[PDB]
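>
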Amino acid sequence: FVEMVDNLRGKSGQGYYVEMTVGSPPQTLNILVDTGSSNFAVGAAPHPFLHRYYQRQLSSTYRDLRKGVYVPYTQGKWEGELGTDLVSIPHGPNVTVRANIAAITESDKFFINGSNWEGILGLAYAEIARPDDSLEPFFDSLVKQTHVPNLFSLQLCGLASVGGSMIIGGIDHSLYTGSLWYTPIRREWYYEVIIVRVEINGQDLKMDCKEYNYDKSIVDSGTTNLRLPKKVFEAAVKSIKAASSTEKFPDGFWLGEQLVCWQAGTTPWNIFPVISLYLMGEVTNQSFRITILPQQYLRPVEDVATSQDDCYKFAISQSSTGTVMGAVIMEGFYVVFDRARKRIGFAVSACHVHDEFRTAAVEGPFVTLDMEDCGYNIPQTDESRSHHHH
Ligand SMILES: CC1(C)Cc2cc(Cl)ccc2C(N[C@@H](Cc2ccccc2)c2nc(=O)c(C#N)c[nH]2)=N1
Ligand SMILES: [Zn+2]
Ligand SMILES: [Zn+2]
Ligand SMILES: [Zn+2]
Ligand SMILES: [Zn+2]
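For the sequence shown, the residue numbers in the authors' numbering are 60 to 217, 228 to 459.
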């Protein structure tokens with residue numbers, strides 16, 4: 060898949076985008092790759108931080124669905140008018156499909172100054188599509204209309230410019246080394262997975278493993294940080310603080326709200342521990358671990374005021390909606406979203422993050438005799454229970 064290698068670009072902390080074309084004649088836009096949502100939505104009216112947008116009036120193939128959609132986030136919102144148009148990925152498979160498109164007509168805190176993407180490609184499953192699951196997501200239309208295999212893979216390589234690859238329909242062996250380990254997709258909504266054990270510099274956090282997946286764990290290219298449920302995040306911060314106790318940092322650093330700096334080239338990486346997340350294996354009683362270096366979770370931020378200094382932001386943060394394996398985790402790894410086989414694969418990425426003495430790793434198997442169920446069952450609302458799925 061040499062045509063798809065290197066088809067991602069981005070800015071540090073503003074995700075990764077792929078080129079897509081919409082309409083006829085083709086209007087090219089840069090579209091955020093988001094495995095944490097399931098709408099394809101594109102800016103479709105002027106905005107101060109956009110200089111291009113989808114012009115439905117210029118597409119002879121555009122059809123209006125005459126139905127609006129409103130998508131709130133805890134940080135902002137976008138809203139728009141649903142329709143369909145022809146869509147292709149110029150640096151992807153050689154096919155064109157008729158897909159649902161939400162034309163974003165207004166938004167708040169969604170498009171950011173200097174980001175360079177004009178829309179978002181929700182790669183997760185219909186269940187979480189807005190306004191409901193009857194709006195077929197892009198990848199579903201892609202696989203149904205063409206012979207593209209039902210799989211995609213992401214190599215996300217670490228404002229600074231970033232790059233990577235989204236291989237659509239395949240796995241490209243040139244983008245990883247060593248073993249590829251698969252963990253099951255627990256349920257097809259988010260790319261939900263189960264973490265069975267967490268270690269910080271080889272020391273077990275020794276929490277009940279349900280705490281790791283409370284109320285879910287998901288793989289999310291739309292999230293920057295590794296985000297951890299409250300109790301886990303506190304135990305992790307306690308452990309990382311212990312390891313790094315030669316350095317007393319301010320509270321704001323541990324909150325993600327303050328940089329910490331050393332003289333250029335002197336950062337003491339050795340005092341910051343590796344973190345290993347052990348993911349359920351395909352075989353009952355087996356897991357494998359993914360091991361993250363501090364260079365993945367301490368993100369450099371170029372200081373405008375101290376040229377002499379290497380400065381970093383702590384990129385692990387607290388969650389109340391479960392564990393989120395964001396860019397912090399993914400940047401280590403070639404991640405295969407094997408929708409056909411309901412599994413997610415992890416191998417060490419060919420764009421490796423370097424530490425002098427340690428390596429981001431994917432290792433297994435680890436066997437447990439004790440097969441505790443580490444999944445959490447989210448309390449069923451009457452709202453969920455009552456909707457019919459015909
Ligand atoms: C998918 C996308 C665009 C959805 C989104 C919507 C809105 Cl309105 C505001 C921010 C985000 C958002 N935030 C990401 C960072 C992002 C911005 C732009 C592109 C990709 C990622 C995020 N990551 C975190 O770690 C975090 C925390 N803690 C909070 N937020 N990601
Ligand atoms: Zn507004
Ligand atoms: Zn531009
Ligand atoms: Zn019914
Ligand atoms: Zn349904």
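Quick reminder that beta carbons are idealized off the backbone N, C-alpha and C, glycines included.
Under 6 Å from any heavy atom of ligand 2, does the C-beta of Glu165 make it?
True, at least one ligand heavy atom lies under 6 Å from that Cβ.
> Quick one: what's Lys70 bridged to in DSSP?
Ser230, per the DSSP bridge assignment.
> May I have the straight-line CA-CA distance separating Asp407 from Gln377, to the nearest angstrom?
Each residue's alpha carbon lies about 45 Å from the other.
> Could you please give the first and the last residue of the uninterrupted beta strand (DSSP E) stretch that includes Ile179?
From DSSP, the beta strand (DSSP E) with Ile179 extends over 178-181.
> Contact defined as beta carbons within less than 8 Å: I believe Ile361 pairs with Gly401. What is the distance between those atoms, to the nearest angstrom?
Between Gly401 and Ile361 the Cβ distance is about 6 Å, and since that is below 8 Å, they are a contact.
> Between the Cα of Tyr112 and those of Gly414, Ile163, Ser119, spot the shortest distance and give me the residue it belongs to.
Of the listed residues, the one whose Cα sits closest to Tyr112 is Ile163.
> Thinking just about the alpha-carbon of each residue, which of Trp137, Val156, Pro152 is nearest to the one in residue 223?
This structure gives no coordinates for residue 223. The numbering of the chain moves from 217 immediately to 228.
> In chain order, which continuous runs of the alpha helix (DSSP H) of length 4 or greater are located wholly inside the region 251-290?
The region 251-290 contains no whole alpha helix (DSSP H) run of 4 or more residues.
> Which parts of the region 82-137 are runs of the beta strand (DSSP E), unbroken and 3 residues or longer, counting only runs that do not cross its ends?
You should have 86-93, 99-102, 122-131.
> For a minimum of 3 consecutive residues, which ranges assigned as the beta strand (DSSP E) are wholly contained in the region 410-440?
DSSP runs (the beta strand (DSSP E)) wholly in the region 410-440: 412-418, 430-436.
> Can you determine whether any heavy atom of ligand 1 sits closer than 6 Å to the C-beta of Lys168, and answer yes or no?
Yes; taking the cut-off as 6 Å, the Cβ of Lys168 has a heavy atom of ligand 1 nearer than that.
> For the 8 Å Cβ check, are there 3 or more pairs between the region 195-207 and the region 94-101?
Yes, the region 195-207 touches the region 94-101.
> Determine the burial state of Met394: buried for a count of at least 16 other Cβ atoms within 10 Å of its Cβ, exposed for fewer.
It counts as buried.
> My output table needs one value for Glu140: the three-state DSSP class, helix, strand or coil.
In this structure, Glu140 counts as strand in the three-state DSSP scheme.
> What three-state label does DSSP hand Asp372 in the structure shown?
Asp372 falls in the coil class under three-state DSSP.
> Could you tell me whether the Cβ atoms of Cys420 and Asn282 are closer together than 7 Å?
No.
> Cβ of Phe170 within 7 Å of Cβ of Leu91?
Cβ distance not < 7 Å, so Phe170 and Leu91 don't count as in contact.
> To the nearest whole angstrom, what separates the beta carbons of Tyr75 and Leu182, a pair I think is in contact under 8 Å?
With a Cβ gap of about 12 Å, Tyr75 and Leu182 do not count as contacting.
> With a threshold of 7 Å on Cβ separation, who are the neighbours of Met440 within its own chain once the five nearest residues in sequence on each side are excluded?
Excluding residues within five positions, the ones whose Cβ falls inside 7 Å are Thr353, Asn354.
> Rounded to the nearest angstrom, how far is the Cβ of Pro369 from that of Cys380, given a contact under 8 Å?
Right, their Cβ atoms sit about 7 Å apart.
> In chain order, what residues have a CB nearer than 5 Å to some heavy atom of ligand 5?
Residues flagged by the Cβ proximity filter: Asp192, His458.
> Which same chain residues end up closer than 7 Å to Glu165 when comparing Cβ atoms and leaving out the 5 residues on each side of it in sequence?
Cβ within range, chain order: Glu138.
> With a threshold of 16 other CB atoms inside 10 Å of the CB of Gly321, please say whether the residue is buried or exposed.
Looking at its Cβ environment, which holds fewer than 16 other Cβ atoms inside 10 Å, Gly321 is exposed.
> For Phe197, which of helix, strand or coil comes out of DSSP?
In the structure shown, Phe197 sits in a helix (DSSP, three-state: H, G or I).
> Run through DSSP, which three-state label would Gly321 get?
Helix at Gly321.
> Going by Cα to Cα distance, which pick from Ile309, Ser313, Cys278, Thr315 is closest to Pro298?
Considering only alpha carbons, the answer is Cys278.
> Given a cut-off of 7 Å, decide if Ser308 and residue 222 are closer than it, judged by their beta-carbon atoms.
The chain lacks the residues between 217 and 228, and residue 222 is one of those with no coordinates.
> Look at the Cβ atom of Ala384, then the Cβ atom of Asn209, and state whether they are nearer than 7 Å.
No, Cβ-Cβ distance for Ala384 and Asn209 is not below 7 Å.
> How would you write the range of the alpha helix (DSSP H) that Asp451 sits in, first residue to last?
Run containing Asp451: 451-455, per the alpha helix (DSSP H) assignment.
> Return the first residue and the last residue of the beta strand (DSSP E) that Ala162 is part of.
Segment 156-167, the beta strand (DSSP E) holding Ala162.
> With hydrogens ignored, establish whether the beta-carbon of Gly173 is closer than 6 Å to any heavy atom of ligand 1.
Flag unset: Cβ of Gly173 not near ligand 1.
> Between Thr450, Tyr347, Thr390, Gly135, which has its C-alpha nearest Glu432's C-alpha?
Checking every option, the nearest Cα to that of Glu432 belongs to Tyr347.
> Curious, which full-length beta strand (DSSP E) runs of at least 3 residues does the region 319-356 contain?
Listed in chain order, they are 329-332, 344-349.
> Would the C-beta of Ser386 count as close to ligand 1, meaning under 6 Å from any of its heavy atoms?
Result yes, Cβ under 6 Å from ligand 1.
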